[PDB]
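Residue numbers (the UniProt record's numbering), protein chains in the order written: chain A, 1 to 84; chain B, 171 to 392; chain C, 171 to 392; chain D, 27 to 94; chain E, 32 to 94; chain F, 20 to 203; chain G, 20 to 203; chain H, 20 to 203; chain I, 20 to 203. The beta carbon of each residue, even a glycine, is placed where N, CA and C say it ideally should be. First the structure, in the form of structure tokens, and then the observations on it.
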Amino acid sequence: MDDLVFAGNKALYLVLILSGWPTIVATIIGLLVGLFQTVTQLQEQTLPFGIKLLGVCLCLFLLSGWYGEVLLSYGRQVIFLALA
Amino acid sequence: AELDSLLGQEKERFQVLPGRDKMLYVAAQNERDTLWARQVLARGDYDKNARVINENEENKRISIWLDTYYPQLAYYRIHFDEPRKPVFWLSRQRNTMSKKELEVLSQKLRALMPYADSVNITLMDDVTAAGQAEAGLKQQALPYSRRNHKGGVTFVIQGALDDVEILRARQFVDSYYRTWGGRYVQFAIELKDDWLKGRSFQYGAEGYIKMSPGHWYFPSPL
Amino acid sequence: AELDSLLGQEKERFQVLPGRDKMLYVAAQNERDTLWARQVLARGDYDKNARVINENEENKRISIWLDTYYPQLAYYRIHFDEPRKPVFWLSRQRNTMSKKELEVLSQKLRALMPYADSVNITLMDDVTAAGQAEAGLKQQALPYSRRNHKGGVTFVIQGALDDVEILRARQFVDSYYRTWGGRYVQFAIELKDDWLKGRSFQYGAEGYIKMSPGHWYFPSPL
Amino acid sequence: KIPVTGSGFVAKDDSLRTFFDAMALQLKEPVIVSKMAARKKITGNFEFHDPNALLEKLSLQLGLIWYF
Amino acid sequence: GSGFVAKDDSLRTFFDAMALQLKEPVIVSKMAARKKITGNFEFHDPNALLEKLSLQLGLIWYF
Amino acid sequence: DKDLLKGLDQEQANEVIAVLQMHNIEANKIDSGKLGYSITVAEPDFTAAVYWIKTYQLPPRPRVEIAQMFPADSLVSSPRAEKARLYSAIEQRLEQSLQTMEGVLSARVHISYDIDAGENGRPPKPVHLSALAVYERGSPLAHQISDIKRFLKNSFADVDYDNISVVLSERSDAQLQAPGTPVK
Amino acid sequence: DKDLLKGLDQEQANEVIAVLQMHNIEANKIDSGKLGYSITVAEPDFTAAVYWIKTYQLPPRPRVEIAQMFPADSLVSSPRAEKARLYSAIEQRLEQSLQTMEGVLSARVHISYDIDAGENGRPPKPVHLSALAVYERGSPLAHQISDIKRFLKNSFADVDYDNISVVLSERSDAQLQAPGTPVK
Amino acid sequence: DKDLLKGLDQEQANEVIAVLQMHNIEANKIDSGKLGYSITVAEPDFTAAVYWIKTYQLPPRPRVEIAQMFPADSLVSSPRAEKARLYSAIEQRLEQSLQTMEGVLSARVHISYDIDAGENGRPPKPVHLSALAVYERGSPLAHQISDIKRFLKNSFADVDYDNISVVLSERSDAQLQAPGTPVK
Amino acid sequence: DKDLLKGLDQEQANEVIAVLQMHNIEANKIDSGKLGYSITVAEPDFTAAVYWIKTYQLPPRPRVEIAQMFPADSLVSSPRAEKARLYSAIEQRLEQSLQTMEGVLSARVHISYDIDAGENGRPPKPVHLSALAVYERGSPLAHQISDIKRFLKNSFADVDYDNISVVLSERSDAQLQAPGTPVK
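And the structure:
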């Protein structure tokens, strides 16, 4: 049962790095919209939602092929350990 | 400055011979000391004329000359153990030269090498040169296949030899070419993939019959 | 500064012989101590001319000369237990040289080594050279296979040997080659796995190999 | 491009139906091999100069019965 | 001379090698084709070797 | 005194010096601090040294290992990358354990890389080795090949004695004397 | 004194110098600090040197390796980009393993690439190898073709002796003397 | 007094000196603080010291162990990496226990890595070991090969006596005399 | 006064001194505060001290235990790591308890490692042990091999007397006299 926990702990390691890179790009540009208003504040709260959306979908586009390579390699290893 | 001081510290790996055509020849032993003594004479720290000779290359320069003025001659090798008096190992059973024209051959070979004094021609036997090559090839326990023909012997070593048989065959061919030279007998070491090392048989109705040596080999399922 | 003081503190592992051709020969004992005394003469802290001699290199140096001026000679080894009188071991049952020809051979071999005084030629027997090799191969409990042929015998040690029969044979071959030379009798330690590894075969004069329960193969008679 | 000087049949993993068909010109009658005896294989270099004695030796070494 | 070196055979490929020294073909049944034998054997008296091997192995034969 | 190489490493510069001293030309090593080294030769020995640079392919490249193509900083690791990083460490431990024999100056071992068996449904193939060695001269180098095969036979799972190939040689003649300065 | 090439590399300028000195014209390597090197020939030797630049395709391009087109620092790693990065390090390590034999100056090894056999259910094909070599002269270059074939045979899974090809040759004659200055 | 190596380590500099003192040349080790040691030889011994640097491939590399490729500081580890770190810790422990026997100066142990046994339904294979040793002279070392074989036999699961190969050898002759300074 | 090793440890310097004093040379142990200890020798015995450093592989390195490869401060702990951090404590507790017998000065015990026995449906394999010991001289050391085997027999589940191997020996001759200062 040692690979039973290893396959599970790989997924909890995998959701960490797979989710951290889109969260930090929804947080750095959220800091950057707030840093800019130290002068010329002029805020409405619904303004940076569109810039946050273009930020995460741009980094999703650049990180798209690596997301498919990690998800296919982890897909292949678990069924090689399941059947064999 | 003398020539024998411009060379290295040890005055034993070179040997300066005075030439008859007013030159000075240095007799090295291999290619590394030949390039050592040619960097000296090429950078230009010497006034008069000098040359570098060698056992391996002045036998090839004299064999290019020998096969345009004396074709169909049967010989083996020129040995330079005393460079002021070389020995010419001529064959006996394959040439028809008399004594008066062996004198003309020795007088014409003396004029090609101005460092020599007298070329000594001796007639080695043609049977012992191949019998030594077979008695030494049987002693190393090597598979072989002799192919005798008129005016030449050839030994073929085929098969999937291992590392010890390759190292012994390479050390025997290199120790034989230095003595006799590859003019009369030739080796054909090659590597194919068959566990029968060269030999092949056919089987019908009586047992096995040894086939004749050919170029096609049967690939080994094993 | 004397050469005896230019070497190390231990003044016994080397030996200086005053030569006859105005030189000074240093007699080492192996290859590690040969480069110890070659560094002295090559870095230049000595004035006159000197040379370094060994026992294997000096046996290989005057073996080139016996492949040119005295071919088809049967000998074993030149022993240098006292460097002023070397001992030349010649074969008794394979020579046809008289008393005068052994004297002119000793006088022509004496001039190649200027440090010696008189080469002593003794005639060794031929059946004792193979009797000590077979009785030494039987004491170590080694499987072998003797192949007598013309002008040399051959011992073939093959099979899948373990780790103790390699070490017990490597200590006998170096002690035999050191005293008899590798000129007459030669060993072949060819280590390989079991040929026809897991195949049932029917040996002897009509042979076949069963590659499978339903597969026959008819090579050379196993 | 087929180099052997003499005559003979080289077999490389032939399956005893295509092997005995090659012996059907020297044996001047057609050969009928059964279905259970068509699973054994044979390889080597053979030579037919008296095939009625070669078949007699091979049917004993391989283990076979034949009838003409 | 002759002989057979068996390395984990199956009592059918072994007894067909004796089918040349014995001048008749041998037919081994199905239940007696499961036992195995290994070792160097030599065929110089096969009728006495069949009578001794059929008793050490447990076999019946009929010619 | 014309320079021909500069900005070299220390290990490359010692091999350029050891090659030029073999061919009777004298070189000088100049340290330049942060910028590395520089090799300068004399004037008449320039036309030969530029010939031996092209011939010997100098300066030498750094030696490549297989464990450099698959670094451990990757967050994920395929089984092909793990089995190649394991074989590239046995390939260096065997040649570091061959230099401690009696008479060996240098060695070089190669293992056959089988990659597809650990992910397909196919059984793995056998494993092959091949080694080179350089021995001190005066050695019975035909008898010294039967214990390297014995050493390499049972360092793996199942190899045979014909799947290992050893090609070894003896070392060259020693270079002990000084080159000699170019006089004119 | 008319210049013809500038902004070169340290490895390129020693090759342009070693080619021009073979054809009896001298060149000068002028350093320029940040910009690079420069090569100047004499004025009457300009017509010959332009013809040998055009003939020999100078300056040489940097040598290409297969691992350079699938870089490890890239953010993608396909199984095709791992089987083509492993094979491109084996044929470089074999070439560096071939320069330490007795009498070899240069060598080049090529492996046959198979990349899609592991994706599909079909078994992979056999492996083919090819090698070139340049030996020092004075060597009997017919006998060394079997030591390289023995070395290359079991450095892989299963190759035959007919799927390996070694084409080797001896080096050219040495250029030791100086070219000479054009007297005008 | 010209230098030939600098920026070294304390362990490497004590081995370059030990190689040079075997060949009758004297070196001087110079400390340089945090910049490592440096080794200087005399002027006429400079041509020979580069020759023994090139021949012995000095300076030595640090010795590689298999556990360095799979660090324990990683977060999640595959079973293929944990079994490879276990066999590499056993392989160093048997080597450190062999040096405490009677007459052994150094030793080195290798072990077969059966790393793809638990992944499929094939049974795991038998294990192989291979050891080297250097003994102090004065000992009949033919009979010392069976105690190490008995010690290594039942130190694992199931080995046989022909899957263990011990290749051992006596040490070289001692070096007790001083090299000697060149006269000037 | 020439240094050869500096920055050593406390138990490392008592190993280097005890090796040098066996071969008739005299060393001096100097502290350095935060930098650790250091060992110097005299001038006429510097060549022998370098030779016995290279031969005996000094200085020594910390002994390796299997529980250093599976540390207790990790966040996750596989059952292979828990099963090997438990074998690595009986492996060094039987060694601690073997030292309290009558006559033993040092000992080292190894256990066979079985990891994949509990994972799949195979029954577990038998356990194999091996031990070394160094006895004080004057003992009938052939009759003391059945008490180590009796003590080791029932410290596990089920081993036989054919799966336990004890290899032991007597210590060397005692060194009591001082080496002696080099007079000049």
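Backbone CA spacing between residue i and residue j [nearest angstrom]
{"i": "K21 of chain H", "j": "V196 of chain B", "result": "34 Å"}
{"i": "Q52 of chain E", "j": "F35 of chain D", "result": "27 Å"}
{"i": "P201 of chain F", "j": "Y106 of chain F", "result": "51 Å"}
{"i": "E73 of chain D", "j": "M49 of chain D", "result": "10 Å"}
{"i": "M283 of chain C", "j": "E273 of chain B", "result": "34 Å"}
{"i": "residue 396 of chain B", "j": "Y70 of chain G", "result": "For chain B, the structure presents residues 171 to 392; residue 396 of chain B sits outside this window and is missing."}
{"i": "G157 of chain G", "j": "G301 of chain B", "result": "27 Å"}
{"i": "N200 of chain B", "j": "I109 of chain H", "result": "52 Å"}
{"i": "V35 of chain H", "j": "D50 of chain H", "result": "15 Å"}
{"i": "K203 of chain F", "j": "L173 of chain C", "result": "34 Å"}
Where the beta strand (DSSP E) through residue i begins and ends
{"i": "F65 of chain I", "result": "Run containing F65 of chain I: none in the beta strand (DSSP E); it sits in the alpha helix (DSSP H), 65-75."}
{"i": "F35 of chain D", "result": "35-40"}
{"i": "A197 of chain B", "result": "194-197"}
{"i": "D174 of chain C", "result": "Where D174 of chain C is concerned, there is no enclosing beta strand (DSSP E), although the alpha helix (DSSP H) it sits in stretches over 173-176."}
{"i": "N182 of chain F", "result": "It is not in any beta strand (DSSP E) - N182 of chain F carries neither H nor E in the DSSP assignment."}
Status (buried if at least 16 other CB within 10 Å, exposed otherwise) for residue i
{"i": "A136 of chain I", "result": "exposed"}
{"i": "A46 of chain G", "result": "buried"}
{"i": "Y56 of chain H", "result": "buried"}
{"i": "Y132 of chain I", "result": "buried"}
{"i": "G368 of chain C", "result": "exposed"}
{"i": "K102 of chain G", "result": "buried"}
{"i": "residue 149 of chain B", "result": "What the structure shows of chain B is the stretch from 171 to 392, and residue 149 of chain B is not part of that stretch, so it cannot be assessed."}
{"i": "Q87 of chain F", "result": "exposed"}
{"i": "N33 of chain H", "result": "buried"}
{"i": "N226 of chain C", "result": "exposed"}
{"i": "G52 of chain H", "result": "exposed"}
{"i": "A193 of chain H", "result": "exposed"}
{"i": "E114 of chain F", "result": "buried"}
{"i": "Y180 of chain H", "result": "exposed"}
{"i": "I91 of chain E", "result": "exposed"}
{"i": "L83 of chain A", "result": "exposed"}
{"i": "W235 of chain B", "result": "exposed"}
{"i": "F36 of chain A", "result": "exposed"}
Check whether residue i and residue j have beta carbons under 9 Å apart
{"i": "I51 of chain A", "j": "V33 of chain A", "result": "yes"}
{"i": "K144 of chain H", "j": "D177 of chain F", "result": "yes"}
{"i": "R247 of chain B", "j": "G321 of chain B", "result": "no"}
{"i": "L124 of chain G", "j": "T74 of chain F", "result": "yes"}
{"i": "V83 of chain F", "j": "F170 of chain G", "result": "no"}
{"i": "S188 of chain H", "j": "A152 of chain H", "result": "yes"}
Extent of the continuous alpha helix (DSSP H) run through residue i
{"i": "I44 of chain F", "result": "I44 of chain F -> no alpha helix (DSSP H), and no H or E assigned at all."}
{"i": "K172 of chain F", "result": "167-172"}
{"i": "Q277 of chain B", "result": "270-280"}
Problem - Touch test, the stretch 319-333 of chain B against the stretch 354-364 of chain B, Cβ-Cβ under 8 Å, three pairs minimum - result: Short answer: they touch.
Handout entry: Cβ pair count under 8 Å reaching 3, the stretch 199-218 of chain B against the stretch 233-241 of chain C
Key = With a cut-off of 8 Å, the stretch 233-241 of chain C and the stretch 199-218 of chain B do not count as touching, because too few Cβ pairs lie within range.
Handout entry: Cβ contact check for the stretch 346-358 of chain B and the stretch 370-380 of chain C: 3 or more pairs under 8 Å
Key = Touching, no.
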